[PDB]
Amino acid sequence: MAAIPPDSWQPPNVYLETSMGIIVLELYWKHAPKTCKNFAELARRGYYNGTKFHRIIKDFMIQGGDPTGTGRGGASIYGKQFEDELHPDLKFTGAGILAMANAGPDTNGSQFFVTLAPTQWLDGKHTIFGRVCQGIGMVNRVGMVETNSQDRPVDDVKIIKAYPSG
């Protein structure tokens with residue numbers, strides 16, 4: 001009853017070609033279409049290309065830059081700030097996840113942090129957006145490496161290019 005000859009697959013995987021190492025991510029095109037489009041657009045337009053990770057907490061997580069890495073010049077495709085895409089369903093405990101960073105009520109930025117270690121205390125503080133199925137290993141080393149006495153990476157980690165799977 002009513003058959004649609006044509007079909008649509010759409011690659012739900014993203015390939016971030018970082019200087020540190022290549023890692024695949026999983027975007028939620030169901031509840032995350034909003035942030036998903038932003039993350040994909042920013043990477044497609046050529047914003048993430050050239051940036052790097054400034055925040056790296058040993059045995060915890062590592063947040064990547066975007067808004068000039070200093071809140072100097074950063075804006076979302078939809079606008080400056082939007083409504084948080086938080087929805088009771090995901091969790092930030094399983095080592096290797098991609099949660100969208102925020103600032104305040106109805107105030108979201110363009111940062112992204114991947115949790116490499118179990119965290120229940122912060123399980124709810126930030127919002128989700130993607131996952132790291134194939135790549136957590138590359139991130140693990142980034143946390144095991146030598147860091148500063150605050151949150152500065154002693155090693156060299158940056159992004160050279162990024163493209164979605166085809």
# chains A, B, ... in the order shown; residues from 1 in each chain; ligands from 1
$ residues_around --residues "residue 134 in chain A" --least-positions-apart "3" --cutoff "10 Å" --atoms "only C-alpha atoms" --output "ChimeraX atom specification"
/A:15,22-26,96,131,137-138
$ residues_around --residues "residue 20 in chain A" --least-positions-apart "6" --cutoff "12 Å" --atoms "only C-alpha atoms" --output "PyMOL selection string"
chain A and resi 52-53+135+137-142+145+155-161
$ write_last_selection --atoms "N, CA, C and O atoms" --output "short mmCIF file (atom, residue, chain, number, x, y, z; two decimals), in the first residue's frame"
data_model
loop_
_atom_site.label_atom_id
_atom_site.label_comp_id
_atom_site.auth_asym_id
_atom_site.auth_seq_id
_atom_site.Cartn_x
_atom_site.Cartn_y
_atom_site.Cartn_z
N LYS A 52 42.19 24.11 16.81
CA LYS A 52 42.75 23.02 17.60
C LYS A 52 42.14 22.98 19.00
O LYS A 52 41.39 23.87 19.39
N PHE A 53 42.48 21.94 19.76
CA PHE A 53 41.97 21.77 21.12
C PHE A 53 42.82 22.55 22.12
O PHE A 53 44.03 22.31 22.25
N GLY A 135 37.18 6.24 17.46
CA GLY A 135 38.05 7.40 17.62
C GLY A 135 38.47 7.64 19.06
O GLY A 135 39.48 8.29 19.31
N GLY A 137 40.06 6.04 21.03
CA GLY A 137 41.46 5.71 21.25
C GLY A 137 42.38 6.89 21.00
O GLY A 137 43.28 7.16 21.80
N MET A 138 42.15 7.60 19.90
CA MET A 138 42.95 8.77 19.55
C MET A 138 42.81 9.86 20.61
O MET A 138 43.76 10.59 20.89
N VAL A 139 41.63 9.95 21.21
CA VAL A 139 41.37 10.94 22.25
C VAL A 139 42.00 10.52 23.57
O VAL A 139 42.48 11.35 24.34
N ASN A 140 42.02 9.21 23.83
CA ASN A 140 42.60 8.67 25.06
C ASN A 140 44.05 9.13 25.22
O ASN A 140 44.42 9.66 26.26
N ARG A 141 44.85 8.93 24.17
CA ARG A 141 46.26 9.33 24.20
C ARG A 141 46.40 10.83 24.48
O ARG A 141 47.31 11.25 25.20
N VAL A 142 45.48 11.63 23.93
CA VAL A 142 45.49 13.08 24.13
C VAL A 142 45.37 13.43 25.62
O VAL A 142 45.86 14.46 26.06
N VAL A 145 48.81 12.03 27.51
CA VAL A 145 50.00 12.82 27.22
C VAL A 145 50.32 13.81 28.34
O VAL A 145 49.56 13.94 29.30
N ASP A 155 51.89 18.68 24.37
CA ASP A 155 52.12 18.09 23.05
C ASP A 155 51.52 18.97 21.95
O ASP A 155 51.15 20.12 22.20
N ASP A 156 51.43 18.44 20.73
CA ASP A 156 50.88 19.19 19.61
C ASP A 156 49.62 18.51 19.04
O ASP A 156 49.69 17.42 18.47
N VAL A 157 48.48 19.18 19.21
CA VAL A 157 47.21 18.66 18.71
C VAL A 157 46.44 19.76 17.98
O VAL A 157 46.22 20.84 18.52
N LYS A 158 46.03 19.47 16.74
CA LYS A 158 45.29 20.45 15.94
C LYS A 158 44.51 19.78 14.81
O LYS A 158 44.64 18.58 14.58
N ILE A 159 43.70 20.57 14.09
CA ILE A 159 42.90 20.06 12.98
C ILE A 159 43.46 20.54 11.64
O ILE A 159 43.80 21.72 11.49
N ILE A 160 43.54 19.63 10.68
CA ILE A 160 44.05 19.96 9.34
C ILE A 160 42.92 20.00 8.31
O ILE A 160 42.96 20.80 7.37
N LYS A 161 41.91 19.14 8.49
CA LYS A 161 40.77 19.09 7.57
C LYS A 161 39.66 18.20 8.14
O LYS A 161 39.91 17.36 9.00
#
$ closest_residue --among "A:144, A:130, A:162, A:116" --to "residue 12 in chain A" --atoms "only C-alpha atoms"
A:130
$ residues_around --residues "residue 163 in chain A" --least-positions-apart "2" --cutoff "10 Å" --atoms "only C-alpha atoms" --output "ChimeraX atom specification"
/A:13-17,40,43-44,161,165-166
$ closest_residue --among "A:31, A:150, A:6, A:55" --to "residue 70 in chain A" --atoms "only C-alpha atoms"
A:55
$ select_by_dssp --residues "chain A" --states "alpha helix (DSSP H)" --output "PyMOL selection string"
chain A and resi 33-45+136-144
$ residues_around --residues "residue 127 in chain A" --least-positions-apart "5" --cutoff "6 Å" --atoms "only C-alpha atoms" --output "PyMOL selection string"
chain A and resi 86+99-100
$ closest_residue --among "A:93, A:102, A:111, A:81" --to "residue 68 in chain A" --atoms "only C-alpha atoms"
A:111
$ residues_around --residues "residue 148 in chain A" --least-positions-apart "3" --cutoff "10 Å" --atoms "only C-alpha atoms" --output "PyMOL selection string"
chain A and resi 56-58+151-155
$ write_last_selection --atoms "N, CA and C atoms" --output "compact mmCIF listing (two decimals), in the first residue's frame"
# COMPACT_ATOMS: atom_id res chain seq x y z
N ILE A 56 42.28 20.58 27.73
CA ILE A 56 42.58 19.16 27.84
C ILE A 56 42.80 18.76 29.30
N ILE A 57 41.77 18.18 29.91
CA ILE A 57 41.86 17.74 31.31
C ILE A 57 42.34 16.29 31.39
N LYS A 58 43.48 16.10 32.04
CA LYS A 58 44.07 14.77 32.19
C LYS A 58 43.09 13.81 32.87
N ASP A 151 45.50 23.61 32.28
CA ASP A 151 44.72 23.02 31.19
C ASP A 151 45.35 23.34 29.83
N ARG A 152 46.68 23.25 29.76
CA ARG A 152 47.41 23.53 28.53
C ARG A 152 48.13 22.28 28.01
N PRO A 153 47.85 21.89 26.75
CA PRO A 153 48.47 20.71 26.13
C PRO A 153 49.96 20.93 25.84
N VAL A 154 50.81 20.10 26.45
CA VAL A 154 52.25 20.19 26.24
C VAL A 154 52.63 19.68 24.85
N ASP A 155 51.89 18.68 24.37
CA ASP A 155 52.12 18.09 23.05
C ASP A 155 51.52 18.97 21.95
$ select_by_dssp --residues "range 41-104 of chain A" --states "strand (DSSP E)" --output "VMD selection string"
chain A and resid 53 to 57 61 to 64 97 to 104
$ closest_residue --among "A:94, A:113, A:65, A:87" --to "residue 30 in chain A" --atoms "only C-alpha atoms"
A:87
$ residues_around --residues "residue 78 in chain A" --least-positions-apart "3" --cutoff "12 Å" --atoms "only C-alpha atoms" --output "number ranges by chain"
A: 34-35, 37-39, 41-42, 75, 81-83, 108-110
$ write_last_selection --atoms "N, CA, C and O atoms" --output "PDB file, in the first residue's frame"
ATOM      1  N   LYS A  34      19.309  20.043  14.755  1.00  0.00           N
ATOM      2  CA  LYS A  34      19.652  21.452  14.941  1.00  0.00           C
ATOM      3  C   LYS A  34      21.167  21.627  15.085  1.00  0.00           C
ATOM      4  O   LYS A  34      21.806  22.271  14.249  1.00  0.00           O
ATOM      5  N   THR A  35      21.737  21.045  16.145  1.00  0.00           N
ATOM      6  CA  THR A  35      23.179  21.131  16.385  1.00  0.00           C
ATOM      7  C   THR A  35      23.953  20.400  15.291  1.00  0.00           C
ATOM      8  O   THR A  35      25.030  20.838  14.884  1.00  0.00           O
ATOM      9  N   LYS A  37      23.286  20.084  12.075  1.00  0.00           N
ATOM     10  CA  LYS A  37      23.436  20.962  10.917  1.00  0.00           C
ATOM     11  C   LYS A  37      24.519  22.007  11.173  1.00  0.00           C
ATOM     12  O   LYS A  37      25.311  22.316  10.286  1.00  0.00           O
ATOM     13  N   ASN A  38      24.552  22.541  12.396  1.00  0.00           N
ATOM     14  CA  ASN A  38      25.549  23.543  12.767  1.00  0.00           C
ATOM     15  C   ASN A  38      26.957  22.952  12.723  1.00  0.00           C
ATOM     16  O   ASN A  38      27.857  23.519  12.101  1.00  0.00           O
ATOM     17  N   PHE A  39      27.141  21.809  13.387  1.00  0.00           N
ATOM     18  CA  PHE A  39      28.440  21.139  13.427  1.00  0.00           C
ATOM     19  C   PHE A  39      28.920  20.790  12.020  1.00  0.00           C
ATOM     20  O   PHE A  39      30.092  20.977  11.691  1.00  0.00           O
ATOM     21  N   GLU A  41      27.766  22.175   9.130  1.00  0.00           N
ATOM     22  CA  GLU A  41      27.914  23.414   8.367  1.00  0.00           C
ATOM     23  C   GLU A  41      29.233  24.109   8.696  1.00  0.00           C
ATOM     24  O   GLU A  41      29.985  24.475   7.795  1.00  0.00           O
ATOM     25  N   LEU A  42      29.508  24.287   9.989  1.00  0.00           N
ATOM     26  CA  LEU A  42      30.743  24.940  10.428  1.00  0.00           C
ATOM     27  C   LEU A  42      31.975  24.217   9.879  1.00  0.00           C
ATOM     28  O   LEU A  42      32.961  24.854   9.505  1.00  0.00           O
ATOM     29  N   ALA A  75      30.048  32.909  15.975  1.00  0.00           N
ATOM     30  CA  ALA A  75      28.597  32.983  15.815  1.00  0.00           C
ATOM     31  C   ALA A  75      28.050  31.748  15.099  1.00  0.00           C
ATOM     32  O   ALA A  75      28.679  31.219  14.181  1.00  0.00           O
ATOM     33  N   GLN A  81      22.984  33.245  19.805  1.00  0.00           N
ATOM     34  CA  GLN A  81      22.626  32.266  20.829  1.00  0.00           C
ATOM     35  C   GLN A  81      21.256  31.658  20.542  1.00  0.00           C
ATOM     36  O   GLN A  81      20.366  32.331  20.017  1.00  0.00           O
ATOM     37  N   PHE A  82      21.094  30.382  20.887  1.00  0.00           N
ATOM     38  CA  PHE A  82      19.833  29.676  20.664  1.00  0.00           C
ATOM     39  C   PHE A  82      19.408  28.898  21.911  1.00  0.00           C
ATOM     40  O   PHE A  82      20.105  28.912  22.927  1.00  0.00           O
ATOM     41  N   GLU A  83      18.262  28.221  21.827  1.00  0.00           N
ATOM     42  CA  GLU A  83      17.747  27.439  22.946  1.00  0.00           C
ATOM     43  C   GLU A  83      18.490  26.112  23.058  1.00  0.00           C
ATOM     44  O   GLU A  83      18.709  25.424  22.058  1.00  0.00           O
ATOM     45  N   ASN A 108      23.883  29.168  23.879  1.00  0.00           N
ATOM     46  CA  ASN A 108      24.802  28.106  23.480  1.00  0.00           C
ATOM     47  C   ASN A 108      25.919  28.655  22.598  1.00  0.00           C
ATOM     48  O   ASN A 108      25.723  29.630  21.869  1.00  0.00           O
ATOM     49  N   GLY A 109      27.089  28.023  22.667  1.00  0.00           N
ATOM     50  CA  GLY A 109      28.224  28.459  21.870  1.00  0.00           C
ATOM     51  C   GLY A 109      28.540  27.501  20.735  1.00  0.00           C
ATOM     52  O   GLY A 109      27.636  26.893  20.160  1.00  0.00           O
ATOM     53  N   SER A 110      29.825  27.369  20.409  1.00  0.00           N
ATOM     54  CA  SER A 110      30.258  26.478  19.333  1.00  0.00           C
ATOM     55  C   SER A 110      31.397  25.562  19.787  1.00  0.00           C
ATOM     56  O   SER A 110      32.201  25.105  18.971  1.00  0.00           O
TER      57      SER A 110
END
